[PDB]
Structures are given as structure tokens and as C-alpha cells.
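Take a look at the structure set out below.
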Amino acid sequence: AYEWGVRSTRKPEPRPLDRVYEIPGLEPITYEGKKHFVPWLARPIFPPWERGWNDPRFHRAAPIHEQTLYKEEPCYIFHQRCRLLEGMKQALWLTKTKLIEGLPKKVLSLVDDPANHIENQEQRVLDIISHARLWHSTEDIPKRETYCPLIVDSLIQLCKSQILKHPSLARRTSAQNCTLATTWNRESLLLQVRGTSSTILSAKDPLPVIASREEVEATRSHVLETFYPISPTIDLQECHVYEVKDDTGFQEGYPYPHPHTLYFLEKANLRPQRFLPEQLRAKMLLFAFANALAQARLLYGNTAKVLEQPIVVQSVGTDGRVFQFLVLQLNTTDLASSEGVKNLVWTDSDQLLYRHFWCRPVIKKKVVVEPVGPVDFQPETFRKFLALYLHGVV
Amino acid sequence: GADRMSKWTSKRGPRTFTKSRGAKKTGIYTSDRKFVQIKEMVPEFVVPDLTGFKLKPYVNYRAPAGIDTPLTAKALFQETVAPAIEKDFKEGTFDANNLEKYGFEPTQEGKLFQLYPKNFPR
Amino acid sequence: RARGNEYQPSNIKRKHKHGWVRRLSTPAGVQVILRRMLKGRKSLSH
Amino acid sequence: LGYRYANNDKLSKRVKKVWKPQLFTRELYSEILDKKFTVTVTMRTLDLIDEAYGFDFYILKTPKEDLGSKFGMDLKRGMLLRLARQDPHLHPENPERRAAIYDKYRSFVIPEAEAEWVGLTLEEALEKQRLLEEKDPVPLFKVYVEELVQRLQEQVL
Amino acid sequence: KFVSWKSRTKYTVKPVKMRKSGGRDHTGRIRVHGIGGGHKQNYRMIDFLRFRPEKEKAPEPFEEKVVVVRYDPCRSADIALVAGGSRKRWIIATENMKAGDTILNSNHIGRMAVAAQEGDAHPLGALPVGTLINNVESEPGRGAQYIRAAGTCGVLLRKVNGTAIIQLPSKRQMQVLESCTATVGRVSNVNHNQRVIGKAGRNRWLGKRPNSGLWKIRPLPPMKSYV
RNA sequence: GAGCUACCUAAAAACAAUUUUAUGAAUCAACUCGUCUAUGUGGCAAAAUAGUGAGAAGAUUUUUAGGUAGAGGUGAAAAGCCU
RNA sequence: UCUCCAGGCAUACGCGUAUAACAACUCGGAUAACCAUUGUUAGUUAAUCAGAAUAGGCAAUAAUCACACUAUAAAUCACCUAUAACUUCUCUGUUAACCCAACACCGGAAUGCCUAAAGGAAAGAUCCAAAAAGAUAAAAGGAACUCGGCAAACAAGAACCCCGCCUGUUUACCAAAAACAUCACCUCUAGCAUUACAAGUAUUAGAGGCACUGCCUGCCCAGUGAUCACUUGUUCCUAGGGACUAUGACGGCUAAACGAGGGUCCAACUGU
RNA sequence: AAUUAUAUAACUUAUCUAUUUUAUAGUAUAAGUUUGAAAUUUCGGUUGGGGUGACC
Ligand SMILES: [Mg+2]
Ligand SMILES: [Mg+2]
Ligand SMILES: [Mg+2]
Ligand SMILES: [Mg+2]
Ligand SMILES: [Mg+2]
Ligand SMILES: [Mg+2]
Ligand SMILES: [Mg+2]
Ligand SMILES: [Mg+2]
Ligand SMILES: [Mg+2]
Ligand SMILES: [Mg+2]
Ligand SMILES: [Mg+2]
Ligand SMILES: [Mg+2]
Ligand SMILES: [Mg+2]
Ligand SMILES: [Mg+2]
Ligand SMILES: [Mg+2]
Ligand SMILES: [Mg+2]
Ligand SMILES: [Mg+2]
Ligand SMILES: [Mg+2]
Ligand SMILES: [Mg+2]
Ligand SMILES: [Mg+2]
Ligand SMILES: [Mg+2]
Ligand SMILES: [Mg+2]
Ligand SMILES: [Mg+2]
Ligand SMILES: [Mg+2]
Ligand SMILES: [Mg+2]
Ligand SMILES: [Mg+2]
Ligand SMILES: [Mg+2]
Ligand SMILES: [Mg+2]
Ligand SMILES: [Mg+2]
Ligand SMILES: [Mg+2]
Ligand SMILES: [Mg+2]
Ligand SMILES: [Mg+2]
Ligand SMILES: [Mg+2]
């Protein structure tokens, strides 16, 4: 067994106590009275010092076991930076949900109707992409810390222009950097989610249910996949000092209690600081699931049961170029067991808004091969981003 | 080639080198590089009302100065505390324990203006 | 090339090398100060 | 620390030589202190202890110079102070045992005040004296009061 | 003044920033020549005590999943991140190790030799004589210090009375107790010897500085005449 | 005494255009260097100037702070450097 | 106003009043005018420019327009879990033609942006001598000059020999090379942990030598029978008896390429 | 080259602590033996210069 930390770098052991102390019955003579060190006198032993009052600037916290909220049981907390090793599979097990590929047909059909098409939709989107990457900042190449929020904010301020066609869209408002948390148990393991969800869009009315009761009941045949030998708690924060809290994202009495969509942004400039696609979607499920679960607890109490009215929540995750769309329906609150009615989740993955962007022309031998604009722009991605928005109104 | 004889001050040296000119600190630097001034650490000048003041900067030459007698602890004691003890001694109402009755302070702790160590400036 | 410009002034370098705190670090440096005090020097160090 | 002549002839080169003592670490028990100390000790000291018929006898008998150790001198003060005060801390709850030790070393008993100033260096003795004579200045208020009361009392007399 | 960068007390998979010594001692003097310069490198802490039970876990054989086989600039061989239970660690990778494979760490000692797949740690006693082994250790619970270089392998020559003889790559034969645990197979990057540096500047990348330009027996007194 | 200089650690910075390709490759500035001739010779200069030349994405150059000290240090070894 | 020249404005390190006006005309500027000099008085104004709370838990995935694309040398506090505190503007840097070179030194000095919109003046008046230095032009000839085509040229093309394999490095201030380094190849040493090597483990680390690359090539390889027996050899017991013995320190050289290397030759070119 | 040489390594007898009846272990040391990293000091005279002969 190799012990980490070379001894030369460790703080050295205290010098041996003066031999005059060892002799019983002898009172050592030290430099305590002088109020300064001297090499030829024995080292004084001072009692521990107590100021007699509390100074905030120099406050020191108690050890872990002495904290008021300390609990022997371990609480596993999932937060933003947490990265699941198994990606989606681990997220499915924790939230007791079954995965359906592709968005719900109801959402998809909304944008197939040309009536929902926006005027100059293709041109305006290209301007937003060009504005997002080049025109917004004085600099030459803006960094991802300033154009992944801009692209998502711009599109939402474009999709929100449909209030002219649909006045019902006036019944929603948004927030920024909200706090969502929940506490639930899985197979004797206590799980909590603590993580902000950037901007939350909330409406006055709940979203229409996506799946029928018969489909929900049919999920019982499906069995959650297991991934031995990797444990479900890998990459989760084991916490022994915690409190049980379940916040929807706002407080009680908020006029718009129904959450429409949760948007997730990856604004880290460096690739190691940016989540991979698989990890991003896994983060979306837990964060999206938590908001749904907290409101279920708020409305129907803390009891565990199959919900008569399923709760539907939508999430949109992007790094500024690649978009992942998520629709989740919460069917049950009795997640303690691994067998029973399961939640349903619809995922649309790897939706490319544009393949690449050039902010300076590519010139070879005095020939402009590539223009300064988005490359391989895909309008279909914006339509899917519009379908989720329009859902619940049209 | 550096001048050893000139005083070392903040005007000299690189940007990083800084030091005060003797100005008393009036606040605290918190974390995140934010300054938080403290009102109590800022001196307040107690200025009297000079209305009806009969003293001016200069004195008349005609007025005769007196003999200089630097005040001593014994002189102050005789003027202030001795008469009280002397009268009390005749009345017999004097004891060692109650020296505070005449104004004795056993310890300066608890005084706003501590005589020693002095906690108040000029 | 052309010599004569060995001195490349830096206040951080100067004070670290021949400063007050540097001199007091070692007894051999403190004895440099002690002799200078004996002679009567205006400046004991940098 | 000295010099030697190579091959023990003065016509050869002069070579530096240092002769070192074969130090040993052993455990010794002091009856007067009733404690066991671990000390670096030469074979010479072991013979001296044996010739002194006990570790405690060796420390008390040996003068300051011959002892040649500050640690030993502290032991001398501790043992002397123990005997001088007849401290009951020696073998508590067994008075018979305590009396035996004290009687066995009764010859070395000296006055308590003298025992305290045994083995101390000049600096340690200076520090001890300074602490003994340290006193906060008397308030003049009290001093004047004493003078005033005495004068008034004498006048009334 | 010179404080070794190796001050981290707790194990973590995250790469740790390094400082090179240029050969200089902690006094500032060169104790080994030819060392200096090269690309900045991050240390990836390697666990060589294969059978290490997780916190509050029984000491019984367990398996782990090989997540990825990365390239380590601080070693000849290529490390592989292995994930099992609730912990992640870096281990030396065998020649045929691939991502997604499951390897077995087994302290259990078997009386009868059982065929072992590459990369599964087993006590030397368990291994049948003649199996290629690596990451061998002198004493049980001491981590691996032998045959941990790219392409190296060791042979279990003889198991007698709870003692095992291992033929080290240098052909030195070393005896250890059968309790010692060594994973099967040779280390990865078998073709390390076949590489060609080609250009002097390449060695300067690796940190190997140029060499200096500076360019017997005593006959007995009887033999002086003949020479 | 390592603010010059030899070497190293750490934190940093500079490299246009052209052709090759995918590089201790090519033409050639900034920049680094110092083959040759000439002038100078108490000189502008205790090693410079005018031309002419070598390298210029690399074993590259440069900046800042630190480390190695004379029985020694450093050295792609000239017994070269260390005010 | 005219003529002409072409590194300028900030920042950092540094310097420390050399800044600016007035007044003087001793000193300093290598001479004058004028001041950079002397004396006196002034000066540089920042919440943005610049400089100067505690205990835990846990990070596999570079950069390069980061998408594609590959590669190798493998590459920058945050976010959580709890405790504590609940509304602030003080201090310091800021001038100049400036620093290192005894000097108002044809030298040295990092970064940002720009190349004249910014910054400047080669000639104190004269004069046309020799010698010396620099620039330009040349009838005919074209290296006949010279140690050598040094320098110069309306030329700047071609091939060779020698030496080193190549890029690279060196005697700061007389030698830049054929010397040192260098990849590849070869030899010797070491079986291993908490400060170099090395958080490494024989395909590794140190030390030293040598251009590599196919090809000729050292020796060394018990003898005879034939995997078998004797003769040898080596040991003992005493000339006998047993016992035992189943190609590597060397050359040519690739061979090409490359060279401010050392020698040559032709052609053009020229005041050599 | 002459004189030394607790740099290192080594081993020997002792000291000394464990042990078994003499025994094999080691060693805050001393006395030797063996290597030498080094330190110190030296450059006789006559032969028209030099290597070889020589001579005093
Ligand atoms: Mg000088
Ligand atoms: Mg310099
Ligand atoms: Mg002598
Ligand atoms: Mg060589
Ligand atoms: Mg330096
Ligand atoms: Mg060098
Ligand atoms: Mg370029
Ligand atoms: Mg040079
Ligand atoms: Mg060139
Ligand atoms: Mg070239
Ligand atoms: Mg190049
Ligand atoms: Mg040489
Ligand atoms: Mg010098
Ligand atoms: Mg002025
Ligand atoms: Mg004037
Ligand atoms: Mg001058
Ligand atoms: Mg003036
Ligand atoms: Mg600021
Ligand atoms: Mg300025
Ligand atoms: Mg002029
Ligand atoms: Mg003229
Ligand atoms: Mg001409
Ligand atoms: Mg002509
Ligand atoms: Mg000729
Ligand atoms: Mg020429
Ligand atoms: Mg060469
Ligand atoms: Mg070269
Ligand atoms: Mg030279
Ligand atoms: Mg050169
Ligand atoms: Mg030269
Ligand atoms: Mg050359
Ligand atoms: Mg010709
Ligand atoms: Mg001498």
C-alpha cells in the first residue's frame, strides 16, 4: 500500500517536550513572563484561548459529527456538475422511468401545420445564429460564455412573438437561475437533487396529458435495466449532513404554479468543463423529474401513490449549437419499489441547429472558399424548438 | 546604482508595491476585494459652541503672569480628596474599604476613558 | 558585444538580495549589519 | 578533539582525530521520583551508578561539575525538593513505603529555600528573581491616604 | 524553496499538476544529468494494489468495468480507468484490454489452479505455474513494483511449500510468498521498443537533454617486469 | 556576489506574406545571430558603425520572479562562463 | 511660409522633479541664440484606470474560428453539503525630453496599436589644395591584378574534390570549423519507494562510447568413433584406483541530401 | 613521484542487545587490515639548445 503525500511535504511533528516537565514535583521556569521567545528557557505550555465573544470575520465551524443536522444515514445528492458514468441508463433507474425515442406525436404535429409557421422563419433564425456568434460583441470571436445564453434567449424571444396569433401566450412568465430540489428513496437508497435550472418558463394551466391511462398501465411489463457491477450511486455526492427539502422552483402562492419548460445551458468555454451529450440528457431527466415530483408532493401531499392526474414537464438542453429536447410525464410517486407503474420520458437527441459557423472567410490562394455565415443550417431543429413552446396552447 | 539614501515610499517600486503615508485605517477589506467602511473607526471631532466665549488667542501685556508651579499628584490630592477625608476623620465615618467614596477607582476597566493603558487619543 | 550595462535595475530583485529582512535572515548577514553600525554608516542596507 | 601522529611517530604527518564516547540508551528508575526515565548514558555512568549503590544516590552525591549535565542537575533539584518538603505525593496511600525512601536518603536533606536554587542557570535564576519581585505599582491615592491617616491619628493622640 | 509537488494526501482520479526538477536536488544542485525541459504534464494517480475493497465493503472477490484505456505521458505503458462500485481509479492496462470489458480482482486463494483471463488479479498461488504475470509485488499489501513497464511479463516458474519463484524481465529470479497478488498478462504498448525518435528535437520534448562533450587493473609487484 | 553570464524551475509573451505540404522543409521581413570586407583605433563604441551574410513554427526568441557560490557552481568541453 | 528626412503615441520595468512659468547670466550644454543650468514659486484630483470568513464532499473526455479532421510532445477558483455575518468609499500610483552604458554616448531596452493624422533637420560662415574616407560614371581590353577574383561588377549561373551524416551548438572582446551536440547503433551498472532519479520499476533509470544503412567480415565453435563408447581434461584417494566432464573487438562504406566549412574549374561580369 | 588519507565502501577482534549451549545474529564505539574520493609538498648539478648516452 502506497501512502500518498511525501513526508518532506507534511507538516513536521512537534518538538519533544522539555525534560524538565518529565520530572515530577518540579515547576519549570519558562519565558512566559518575558512575553517573548528566548532560546535558553523552557517552552511555556499555554491553555487554550477563548476570546469571550464571537467575531464573524474569524468564525470557525464545528466538526461534521457535531452539526445539528448530522445524520448517520447517507444522503446522495445530485447537482449540476455531477456526471453519471452510465449516462441515460443510470438516470432511468433512479427516476423509475421508461424511455420512448422521439417526441410525442401531439407535439410534433403542432408545427407540421403551416398556420403555426412564423413569417420569414428561416431568415430570422439565420440572423439570430449570425447575431449570436458574430455581431453581438465588439470582439472578433465571442466565447461560449456569451453566445449559448444569447442563442437560447434570442430564440425564446422569437417563439414568444406568436402572441399576435395566440393571445393565450400572455398567461406565462419566466425566471432565471431558479432552485429546484426533491427528496425520494430508491431501493433503500436516499436520493436528493440540488441544482439550479437556468431559466424556467411557467404557465397558468397544466400541460395536457401526453400518454393515456392504458399506456401507463402497460409500462408494468417493462423492467428497469441494471448495470452491474457499477452502482447507481456512482458520481453522486455522499452527504451525511443534510435537510429534507422539496422546492418547486418558486414559493407558495405564485400565480403561475404550472411549469411549462426548463432550459439548460452549457456556457463553459473549455471542453472538459462541458457535459457530453449522454451526460447532458441524464442531467436533464433528474432536474426535470425533480420539479415534477416537488409539485406532486405540494398538491397531493407527501403520500406515495399512483397519480390520478399525470404531470408533464418539458426540458430543452443545448450547448449553443447542438440541441437536445426532452418531454417527461410523471405517472407515479411510489418510487421506493423498482416494479410497478413507471414514468414515461420522450427524448429527441442530437438536434443540430447548424453544423459550423465561420466568422472570418476561408481564403485559399486568393479565393473565398467559405463565406462568413452558418454552414448547413437546419430549419427542422427550430421547428421542434417551436413545437414544445406552442404545446399547451395550440 | 539604486539610491540608498532616499526614503522608501510607495511612489517608488513597481505597481504591486504599495504602503501608506501614515493615514489611519477607517475600514475593513472583506472577501472578493470589497471595502467596507466602519463608522466607529472614523474619528469624530467634538467641537464646542463658542458663543459667549470671553477668551481670545492673544492676551493683554498689562495682565501679570503668575509663578509657574507644575501640578503634582500630591497637590491635586490635597485640594480634592484630603478635605473630605479630614472632615470624615473628625466625624469618624471613614474606612479603608470605601476609598471609592472619595473617588478612588480600583481598576480602570469599565471606564470609557481608561487612564492606563490609554484608550483615548488627544 | 559592448559591456558596461550589467546593472539591470529591479526594486524587487534589489530588496530581496540586499534588503533589511534578507540581511537579518542569517547570523552571517546580521554580522554584516553589526559591522556597519560600528563604522557609522548612513545606510545599513537597502 | 585533537591531533595524532600517523603511525605514532612524530616524524610522520599530523592528522586530525576525534575520539567519541560509545553512547548507550537505557532505562533508569528513581526511587525518590518513582518514575522511570530513558536517557543516553555511557558505560562510565553505569559503573558510577553501581559504585554509588543506586541511581538516586549517584545524582545527589555527584557535584555540579562532575555531573556535567543540565538534565542531571534538574533531577538533583527535583530529588532534593522532594526530600526537603517530605511531599506526600511520593507513593500515595502507602505511607510506610514513603517513609522508607525518605529515611534512606535522609543524609542529603537540605533547607527548602536552598534546594530551589539548585542547578539553575544565571538566566533561569534571573528570571526566577524577576518574577518573585514583580509587583504592580501601588496607587498614589492609597499612599497619600496612609500618610494622611497617620498624621491625623498622631495629631489626635 | 523546493517543496515537492507530491503533497496530495488523498487519492483522486483527477489529474494533478506536476513540477519537474531539472535534475536539481532540494538544495538546487544537479544530482542527475540530462534532465530538463519538455512539455507540461499532468500526473494521473495510479493504484497498483489491485485488490482494494471499497469503503465498508466485505473483503471478497469483486469485479470492475474498464471504462477507457487512456495514454499516460508519465509512463511507458497506457493506463486504463476502471470503474466499480461507487469509486473510480486508474490502473495499468494489459495488452489486450479493451473498453467495456470486466476484470476480476480476487483475494481468495484457491487450492486448485484455475485458468485466469488476462487482467484479473489473482494470488500467485492460484495461478498455475508458467502463466505470464505482471505488477508483481515483493510482499502482500505492498502495491506493485515489478513488471509494470510497457510490454513486460513475468513467468511463475515454481510454486513449492507456499513460495513462488518469478523470472523477472531481466531474467533475475525472485522468490515471493504465494499470497502475493499479480494480475495476468503482459503490460500494454508492447511495441514501445520499436519506436524511432528520428529527430534530436524529439528527445528534447521528452526532457532528455544533450550529453557533455568531455571525452583498469593494477599489476602485482611480480608482474611489473612483464609489462 | 547568478539584476552580467552557464544551467534549471515556475508564470507568460511574439512569429506577416508566399510555396510546400503536414515539416528541427523552402523564399523572406519583424526578430535572433555575427561569415566576410571596409572604416574606426583615447574611436559614436573599454568591441561600435557602413555594407555584406546565417537562422526565422523551432533543440525558436523574448519578458518577469526564483534556485545552484569558489576545496565550489554551470558547462550540446572552448579548461567556456560565474558583474 | 518654404525645402527636405522617415519609427511614432501609449503601457510595463526603471528613474525621482530632469515637468511648467518667472527671474538671473557665476556654473552645466563640449560653441551661440535659448535653456536641459542657478534661485524662487507652482504641480500629478479616480468605487470605473492601477495596486494591496469556517469545515466538508467530488471532478476520465486539451488547444488550434472546434464543426469536419486527424495526430502526439498528451496540454487552464468553479459546483455542491452545512455554520457565521445582514447595506460599503478609505488608503496608495498618476508630472518630464525620463532608463542601463563616468557623458545631452552612431550602443542596449519588453508589450499594444498604427506608418504619418504622429515625429523630426544632414550644412556656424567660408573655401576647392595635397593626402585620407564615401558615392557615381568609363574609350579599348576583360582577371593580363593578386598569396587568393579580396573588394567591386550591366554578373549573382554550372559542375568538382576533401571533411563532417542533416537542423543545431562553441572560446561575450582576435579561431563558428573538419571541433561539440545529434537520431540510430553498442557497452557497463542497478530487482527497487515517501525530497533528485521517481510519485518511476529492465521495452525502465544512470554512466560512457560511436554517423547510421544493406554487404564483406574477427577469432570462438574437445577429439575420434557417431543420439551412443574410448582417448583426453579436471579432481581426489593412494602408478594404481575412484569421482566428474551431453561469427562479434573489425572494415569498406551507403549516397543521396545539406554547409556564411577547406580547396579548385568553366561562364558571365566588371576600374582588380 | 614521496608522505599521509574516521570520502566511501568493506571485513576482523573487542565493546554491546538479543537470543540458544556454546551458537549464529546485529552494532550511537574503539583498535587493526584492505581498497582510494581526495589533501600536502617537490621538480640536484655539468655537458654551445633537443632527445639518448652519460658523467658528479
Ligand atoms: Mg560596471
Ligand atoms: Mg538582462
Ligand atoms: Mg604543519
Ligand atoms: Mg564523443
Ligand atoms: Mg534572474
Ligand atoms: Mg549553454
Ligand atoms: Mg508565419
Ligand atoms: Mg551567438
Ligand atoms: Mg537564407
Ligand atoms: Mg538553409
Ligand atoms: Mg524554418
Ligand atoms: Mg578540447
Ligand atoms: Mg568580473
Ligand atoms: Mg523646463
Ligand atoms: Mg525666458
Ligand atoms: Mg559631448
Ligand atoms: Mg530650473
Ligand atoms: Mg479599477
Ligand atoms: Mg504619463
Ligand atoms: Mg543641422
Ligand atoms: Mg560643409
Ligand atoms: Mg558603378
Ligand atoms: Mg572604365
Ligand atoms: Mg588563382
Ligand atoms: Mg567576394
Ligand atoms: Mg556539420
Ligand atoms: Mg548548422
Ligand atoms: Mg574568439
Ligand atoms: Mg555556427
Ligand atoms: Mg569570428
Ligand atoms: Mg560553414
Ligand atoms: Mg573566363
Ligand atoms: Mg610551497
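Identifiers in the C-alpha cells: chain A, B, ... in order shown; residue index from 1 per chain; ligand index from 1 in order shown.
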
Exercise for the section: Just the strand (DSSP E) stuff from stretch 57-291 of chain A, please, per backbone DSSP, written as number ranges by chain. Expected result: A: 70-78, 97-101, 172-176, 179-186, 189-196, 199-203, 237-241, 258-265

Taking only C-alpha atoms (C1' of nucleotides) and all ligand atoms into account, which residues have an atom no farther than 10 Å from ligand 13? I'd like them as a PDB file with C-alpha atoms (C1' of nucleotides), in the first residue's frame.
ATOM      1  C1'   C F   4      26.086  40.222 -16.373  1.00  0.00           C
ATOM      2  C1'   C F  82      30.166  32.753 -12.835  1.00  0.00           C
ATOM      3  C1'   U F  83      29.101  41.634 -12.715  1.00  0.00           C
TER       4        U F  83
END

Handout entry: Contact residues (chain B, partner chain F, 12 Å, only C-alpha atoms (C1' of nucleotides)) as a list in words
Key = residues 1, 2 and 14 of chain B

Practice task
Give the residues close to ligand 1, within 9 Å, counting only C-alpha atoms (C1' of nucleotides) and all ligand atoms; write them as a PyMOL selection string.
Solution key: (chain C and resi 3-7) or (chain F and resi 83) or (chain G and resi 101)

Keeping only N, CA and C atoms (P, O5', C5', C4', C3', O3' and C1' of nucleotides), write the selected residues to a file as a PDB file, in the first residue's frame.
ATOM      1  N   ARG C   3      30.151  45.745 -23.254  1.00  0.00           N
ATOM      2  CA  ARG C   3      29.912  45.559 -21.832  1.00  0.00           C
ATOM      3  C   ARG C   3      29.658  46.903 -21.154  1.00  0.00           C
ATOM      4  N   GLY C   4      29.412  46.851 -19.848  1.00  0.00           N
ATOM      5  CA  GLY C   4      29.251  48.031 -19.027  1.00  0.00           C
ATOM      6  C   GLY C   4      27.851  48.252 -18.509  1.00  0.00           C
ATOM      7  N   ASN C   5      26.874  47.471 -18.964  1.00  0.00           N
ATOM      8  CA  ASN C   5      25.472  47.658 -18.611  1.00  0.00           C
ATOM      9  C   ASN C   5      24.942  46.456 -17.836  1.00  0.00           C
ATOM     10  N   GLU C   6      25.798  45.851 -17.005  1.00  0.00           N
ATOM     11  CA  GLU C   6      25.388  44.677 -16.240  1.00  0.00           C
ATOM     12  C   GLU C   6      24.225  44.988 -15.310  1.00  0.00           C
ATOM     13  N   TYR C   7      24.145  46.220 -14.809  1.00  0.00           N
ATOM     14  CA  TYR C   7      23.140  46.590 -13.819  1.00  0.00           C
ATOM     15  C   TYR C   7      21.805  46.818 -14.512  1.00  0.00           C
TER      16      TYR C   7
ATOM     17  P     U F  83      31.166  37.306 -11.460  1.00  0.00           P
ATOM     18  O5'   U F  83      30.861  38.726 -12.104  1.00  0.00           O
ATOM     19  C5'   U F  83      30.996  38.947 -13.504  1.00  0.00           C
ATOM     20  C4'   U F  83      30.729  40.388 -13.858  1.00  0.00           C
ATOM     21  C3'   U F  83      31.435  41.409 -12.975  1.00  0.00           C
ATOM     22  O3'   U F  83      31.694  42.594 -13.727  1.00  0.00           O
ATOM     23  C1'   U F  83      29.101  41.634 -12.715  1.00  0.00           C
TER      24        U F  83
ATOM     25  P     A G 101      24.579  51.726 -14.970  1.00  0.00           P
ATOM     26  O5'   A G 101      25.640  51.607 -16.146  1.00  0.00           O
ATOM     27  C5'   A G 101      25.829  52.671 -17.064  1.00  0.00           C
ATOM     28  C4'   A G 101      26.578  52.206 -18.285  1.00  0.00           C
ATOM     29  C3'   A G 101      27.599  53.182 -18.846  1.00  0.00           C
ATOM     30  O3'   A G 101      28.837  53.118 -18.160  1.00  0.00           O
ATOM     31  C1'   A G 101      26.206  52.444 -20.588  1.00  0.00           C
TER      32        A G 101
END

Practice task
Dump as a PyMOL selection string the residues of chain B that approach chain C to within 7 Å, counting only C-alpha atoms.
Solution key: chain B and resi 4-5+13

Exercise for the section: Select from stretch 197-303 of chain A everything DSSP, run on the backbone, classes as alpha helix (DSSP H), then give the selection as a PyMOL selection string. Expected result: chain A and resi 213-218+277-300

Handout entry: Spatial neighbours of stretch 209-218 of chain G, max dist 9 Å, only C-alpha atoms (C1' of nucleotides), sep filter under 5 positions, as a ChimeraX atom specification
Key = /G:165,183-187,247-252,254

Deliver the residues from the most recent selection as a file, using C-alpha atoms (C1' of nucleotides), as a PDB file, in the first residue's frame.
ATOM      1  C1'   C G 165      25.626  12.239 -41.995  1.00  0.00           C
ATOM      2  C1'   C G 183      18.912  10.341 -34.146  1.00  0.00           C
ATOM      3  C1'   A G 184      20.346   5.096 -34.807  1.00  0.00           C
ATOM      4  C1'   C G 185      23.649   1.539 -33.055  1.00  0.00           C
ATOM      5  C1'   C G 186      26.909  -0.604 -28.952  1.00  0.00           C
ATOM      6  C1'   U G 187      28.929  -1.338 -23.796  1.00  0.00           C
ATOM      7  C1'   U G 247      30.546 -15.366 -36.187  1.00  0.00           C
ATOM      8  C1'   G G 248      31.211 -10.134 -32.769  1.00  0.00           C
ATOM      9  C1'   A G 249      36.925  -6.007 -30.964  1.00  0.00           C
ATOM     10  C1'   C G 250      36.624  -5.371 -37.273  1.00  0.00           C
ATOM     11  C1'   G G 251      36.485  -2.674 -42.066  1.00  0.00           C
ATOM     12  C1'   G G 252      34.943  -0.840 -46.589  1.00  0.00           C
ATOM     13  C1'   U G 254      25.576   3.520 -48.457  1.00  0.00           C
TER      14        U G 254
END

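Using only C-alpha atoms (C1' of nucleotides), we find that the part of chain G lying within 6 Å of chain A comprises residues 53, 54, 55, 67, 79, 83, 84, 85 and 194 of chain G.
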
Exercise for the section: With a cut-off of 12 Å and counting only C-alpha atoms, select all residues of chain B in contact with chain A and give the selection as a ChimeraX atom specification. Expected result: /B:28-31

Put those residues in a file: N, CA and C atoms, as a PDB file, in the first residue's frame.
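This is the output file result.pdb:
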ATOM      1  N   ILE B  28     -12.571  47.979   6.749  1.00  0.00           N
ATOM      2  CA  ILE B  28     -12.125  46.601   6.608  1.00  0.00           C
ATOM      3  C   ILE B  28     -12.265  46.189   5.152  1.00  0.00           C
ATOM      4  N   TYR B  29     -11.353  45.331   4.702  1.00  0.00           N
ATOM      5  CA  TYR B  29     -11.417  44.731   3.375  1.00  0.00           C
ATOM      6  C   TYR B  29     -11.993  43.328   3.514  1.00  0.00           C
ATOM      7  N   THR B  30     -13.205  43.131   3.004  1.00  0.00           N
ATOM      8  CA  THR B  30     -13.843  41.828   3.064  1.00  0.00           C
ATOM      9  C   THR B  30     -13.375  40.964   1.896  1.00  0.00           C
ATOM     10  N   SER B  31     -13.889  39.740   1.837  1.00  0.00           N
ATOM     11  CA  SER B  31     -13.569  38.856   0.730  1.00  0.00           C
ATOM     12  C   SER B  31     -14.172  39.395  -0.564  1.00  0.00           C
TER      13      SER B  31
END

Problem - Within 12 Å of residue H:55 using only C-alpha atoms (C1' of nucleotides), minus same-chain residues under 3 positions, as a PyMOL selection string - result: chain H and resi 45-47

Write the selection just made, keeping C-alpha atoms (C1' of nucleotides), as a PDB file, in the first residue's frame?
ATOM      1  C1'   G H  45      74.450  19.774 -10.899  1.00  0.00           C
ATOM      2  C1'   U H  46      77.817  19.564 -15.563  1.00  0.00           C
ATOM      3  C1'   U H  47      77.521  18.632 -20.548  1.00  0.00           C
TER       4        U H  47
END

For residue A:86, work out the shell of residues within 10 Å, counting only C-alpha atoms (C1' of nucleotides) and skipping chain neighbours fewer than 4 positions away, then give it as a compact mmCIF listing (two decimals) with N, CA and C atoms, in the first residue's frame.
# COMPACT_ATOMS: atom_id res chain seq x y z
N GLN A 90 -28.31 5.02 -16.04
CA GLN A 90 -28.36 5.27 -14.60
C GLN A 90 -29.50 6.22 -14.25
N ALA A 91 -29.71 7.25 -15.06
CA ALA A 91 -30.80 8.19 -14.79
C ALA A 91 -32.15 7.50 -14.85
N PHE A 227 -27.04 -2.39 -14.40
CA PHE A 227 -25.71 -2.17 -14.97
C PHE A 227 -24.63 -2.61 -13.98
N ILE A 230 -21.41 -1.62 -11.81
CA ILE A 230 -21.40 -0.21 -11.43
C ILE A 230 -22.64 0.09 -10.59
N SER A 231 -22.43 0.73 -9.44
CA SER A 231 -23.53 1.02 -8.54
C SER A 231 -24.31 2.25 -9.01
N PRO A 232 -25.60 2.33 -8.67
CA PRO A 232 -26.38 3.51 -9.08
C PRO A 232 -25.89 4.82 -8.48
N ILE A 234 -22.82 5.95 -8.22
CA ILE A 234 -21.54 6.43 -8.73
C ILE A 234 -21.68 7.88 -9.17
N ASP A 235 -20.68 8.69 -8.83
CA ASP A 235 -20.58 10.11 -9.17
C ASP A 235 -21.61 10.97 -8.45
N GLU A 278 -24.59 12.45 -23.78
CA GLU A 278 -25.24 11.46 -22.93
C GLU A 278 -25.40 11.98 -21.50
N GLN A 279 -24.35 12.60 -20.96
CA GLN A 279 -24.42 13.12 -19.60
C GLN A 279 -25.41 14.28 -19.51
N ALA A 282 -28.94 12.94 -19.18
CA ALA A 282 -29.14 12.37 -17.85
C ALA A 282 -29.35 13.48 -16.82
N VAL E 67 -13.50 1.33 -18.15
CA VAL E 67 -14.20 2.42 -18.82
C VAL E 67 -13.47 2.84 -20.09

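Taking only C-alpha atoms (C1' of nucleotides) into account, chain C lies nearest to F:64 out of the set F:64, F:27, F:74, F:21.
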
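Taking atom 1 (Mg, counted along the ligand's line) of ligand 6 as the reference point, atom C1' of residue F:6 is found at 5.6 Å.
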
Practice task
Can you tell me which residues come within 8 Å of ligand 12 when counting only C-alpha atoms (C1' of nucleotides) and all ligand atoms, ideally as an MDAnalysis selection string?
Solution key: (chainID E and resid 214) or (chainID F and resid 77:79) or (chainID G and resid 179)

Selection above as a file: C-alpha atoms (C1' of nucleotides), as a PDB file, in the first residue's frame:
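Wrote it out as out.pdb, contents follow:
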ATOM      1  CA  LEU E 214      34.116  15.746 -22.339  1.00  0.00           C
TER       2      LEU E 214
ATOM      3  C1'   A F  77      34.042  20.585 -23.317  1.00  0.00           C
ATOM      4  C1'   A F  78      36.044  26.426 -25.770  1.00  0.00           C
ATOM      5  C1'   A F  79      39.820  24.353 -19.490  1.00  0.00           C
TER       6        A F  79
ATOM      7  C1'   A G 179      35.618  20.637 -33.403  1.00  0.00           C
TER       8        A G 179
END

Practice task
Enumerate as a PyMOL selection string the residues within 9 Å of ligand 24, counting only C-alpha atoms (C1' of nucleotides) and all ligand atoms.
Solution key: chain G and resi 146-149
